[PDB]
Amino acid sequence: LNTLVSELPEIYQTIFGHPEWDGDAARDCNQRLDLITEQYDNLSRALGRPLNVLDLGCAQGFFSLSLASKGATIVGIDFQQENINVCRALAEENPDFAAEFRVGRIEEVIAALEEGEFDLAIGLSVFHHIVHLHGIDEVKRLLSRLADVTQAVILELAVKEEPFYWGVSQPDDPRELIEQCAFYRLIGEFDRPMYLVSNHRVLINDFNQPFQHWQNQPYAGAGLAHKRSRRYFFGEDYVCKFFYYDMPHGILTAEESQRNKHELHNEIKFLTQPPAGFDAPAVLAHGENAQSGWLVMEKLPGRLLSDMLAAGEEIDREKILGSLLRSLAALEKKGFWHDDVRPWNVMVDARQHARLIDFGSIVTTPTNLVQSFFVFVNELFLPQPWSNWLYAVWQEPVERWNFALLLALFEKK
């Protein structure tokens, strides 16, 4: 071992189980391990078993042995013979660690990966070299591939502003390397951001679950209103709203950024403590960091009224309207209003019962929202008896218009 460590061109990491070398090492390593193992455990638990882990550019093997040290079956790749020779030496000293090391290039290793081989892959301070060599677009395709064949990827990414010659080749924002992947979240920063990424699972600390589908817009036909700053992930029994407070390319203004904040805090305040006698979807998890915030809630069944109308579906307008008026009256009695009641925020189930979603639209201060509900009634459809209903409402003075009165009048023929 002694000789193998002199044979290293550089001592990059702490050498595992050998404090004699801790001054020679360029990187102290512990702060980043505690974040990596914290995520190892989360995903280990969610999968229900120990993990297969791929350590890309493993250096002197510190992170792979540290993980093998907890039942992980690891593979370590580095393109320097000297590095792996040290890795195996350390692995031989720890003989019951399931630990294997290969001399290889990340580009080829990733190219040859089959889906499921590894649950977790780790790429710390290595992709910048590859961006310099092969370019931004080639590295995005490597990382898409790597995310597709694993459940989770941890990356620590060098940034352009660093005073090295390869800095100029890097994108403006390190998020440019991973924004094409479905899910990403910043989990730390050192002296360099560290991201947890996945194309298969929502990875929040208390909510680690696969998703079947995700979208970068709220509904068919929403356009680009949120400038792609909100992501929506659909599981079996949940929906996760993930809002970025800040985006690459500077595209989100300060006001757009506040909008993402207010709307999310507000929804959480509401769903966390909803007014008695109001069936609101349950909060399964929520949190935020400096970059973003998230809310995970129970998935209501059915389809958006907007899509049912788009597909020309046969709907019961009486049942949709009554159920929707019953809950708007109910909210109103308890001092709440929804300021965005439109087809695309109404979910309709198989029995034609209608529920609101998008509860960040809730305000707690009436006629102006009733007025606007007439646009909704109009989008919904005037035949009778709904022409009479509406004229009955219009005989009252506008100041008197509210949802109790819309509902009362609607219950008379």
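Numbering starts at 1 and runs along the sequence shown.
What is the count, as a class, of unmodelled deposited residues between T365 and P366: none, 1 to 3, 4 to 9, or 10 or more?
Going from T365 to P366, the model skips 4 to 9 residues of the deposited sequence.
With respect to the deposited sequence, how many residues separating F381 from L382 are not represented by coordinates: none, 1 to 3, 4 to 9, or 10 or more?
According to the record, 10 or more deposited residues lack coordinates from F381 to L382.
Can you let me know which of the two, 392-400 or 21-29, has the higher average C-alpha B-factor in the entry?
According to the entry, 21-29 carries the higher average C-alpha B-factor.
Averaging the C-alpha B factors as listed in the entry, name the stretch that ends up higher: 111-119 or 156-164.
Stretch with the higher mean C-alpha B-factor: 111-119.
Comparing recorded Cα B-factors across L305, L325, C240, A72, which one is largest?
Within the set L305, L325, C240, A72, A72 shows the top C-alpha B-factor.
When you compare the CA B-factors of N260, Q215, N94, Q291 as listed in the entry, which one comes out on top?
Comparing C-alpha B-factors across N260, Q215, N94, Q291, the maximum falls on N94.
Using only modelled residues of the chain, where does the Cα B factor of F270 rank: lowest third, middle third or highest third?
Answer is middle: the recorded C-alpha B-factor places it there.
Compare the C-alpha B factor of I315 with those of the other modelled residues in its chain, then answer lowest, middle or highest third.
Top third by C-alpha B-factor.
Test of reading the entry: by CA B factor among the chain's modelled residues, which third contains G235?
For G235, whose C-alpha B-factor we compare with every modelled residue in the chain, the answer is the lowest third.
Quick check on the deposited entry: does the C-alpha B-factor of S125 sit in the lowest, middle or highest third of its chain?
It falls in the bottom third of the chain.
Looking at the temperature factor on the CA atom of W386, which third of the chain's modelled residues does it land in?
Answer is highest: the recorded C-alpha B-factor places it there.
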